[PDB]
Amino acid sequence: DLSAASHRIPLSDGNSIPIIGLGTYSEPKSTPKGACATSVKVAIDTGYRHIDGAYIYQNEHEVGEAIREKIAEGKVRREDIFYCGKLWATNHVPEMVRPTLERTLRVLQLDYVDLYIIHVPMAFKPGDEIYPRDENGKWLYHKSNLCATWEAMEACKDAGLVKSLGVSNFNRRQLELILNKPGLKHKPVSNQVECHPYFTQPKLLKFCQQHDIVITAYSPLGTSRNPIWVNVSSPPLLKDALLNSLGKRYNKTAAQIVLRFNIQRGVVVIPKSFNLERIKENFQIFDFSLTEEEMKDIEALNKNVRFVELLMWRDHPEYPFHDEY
């Protein structure tokens, strides 16, 4: 079913997605220039064939540098690599969608991306700032139309600029808005959301599975626990007693147990690491499996509590986390 050499799963539009990818968000401040490029190259050498990135991570040029180098030396063909990029909240105006994607293609110096997704269901004020606020720190919200944004996304696939379309941080209602759109041409094939044993997304997973939407687990290792985004008070996922106990049983780390858990139930995982040893460690998840009982015990770790709550945006008309799922 899944091996280091062959671990792609089907998307509803006929394409396929490698079940593990390398995440590439890293705080610009505390990240050396070049760390991203080096990690993407190491990842590709290790066997990763999926890279998840975003223009607003400020390192897409490094991602592109790395991918193009490996293609040029014959390590991979372009068709072997799956790159996912993301449309930010300040770029939701339908007229801006294609120019925004074209900017990413030019930065990557590639002809298309494999997956392009709406990063969040919330629109912010368009401009030179990804986090638009007034002097009082009030979040400058744009009153926006998700369906109109989606239509603009559909035009990008129509033009050949992206193979697959998806979304991120969408709840059931928001997914329904799109799925029910008048004259829908291309349904979202993916929803990228926080997913791991402390937040296993049972309701959203069920819903997506019923609509042939694949979940991609972001922060699948429980985040880097940065207090800006994460509630540092919470117990760190990788210190969990059961996950560590299961680790000893298989001579795997809690991280490897956590990744295996999600892929084993058909959830894509995109752990980020810019560390040589940990990039390799995270990929070694195809030489063991978890028993039905172990899967059940891990799933039971579910706390229905998020590490990434985005409370700064809780009042936005399109804040996704009020609803149950």
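Sequential numbering from 1, following the sequence displayed.
Colleague: Mind pulling up the entry and telling me whether 286-294 or 40-48 has the higher mean Cα temperature factor?
Modeller: The stretch with the larger mean CA B-factor is 286-294.
Colleague: Identify the stretch, either 229-237 or 96-104, whose C-alpha atoms have the larger mean B-factor according to the entry.
Modeller: The stretch with the larger average C-alpha B-factor is 229-237.
Colleague: Sorting 164, 109, 209, 90 by Cα temperature factor from the record, which one lands on top?
Modeller: Reading the PDB entry, the winner on C-alpha B-factor is 209.
Colleague: So among 141, 199, 150, 218, who wins on Cα B-factor in the entry?
Modeller: Within the set 141, 199, 150, 218, 141 shows the top C-alpha B-factor.
Colleague: Sort the modelled residues of this chain by their C-alpha B factor and say whether residue 168 lands in the lowest, middle or highest third.
Modeller: Ranked within chain, residue 168 CA B lands in the lowest tercile.
Colleague: Should residue 250 be placed in the lowest, middle or highest third of its chain by the C-alpha B factor in the entry?
Modeller: Middle third - that is where residue 250 ends up once the chain's C-alpha B-factors are sorted.
Colleague: Mind checking which third residue 281 falls in for C-alpha B-factor across the chain?
Modeller: Lowest third - that is where residue 281 ends up once the chain's C-alpha B-factors are sorted.
Colleague: Of the three thirds of its chain by CA temperature factor, lowest, middle or highest, which one includes residue 86?
Modeller: It falls in the bottom third of the chain.
Colleague: Can you work out whether the C-alpha temperature factor of residue 9 puts it in the lowest, middle or highest third of the chain?
Modeller: Middle third by C-alpha B-factor.
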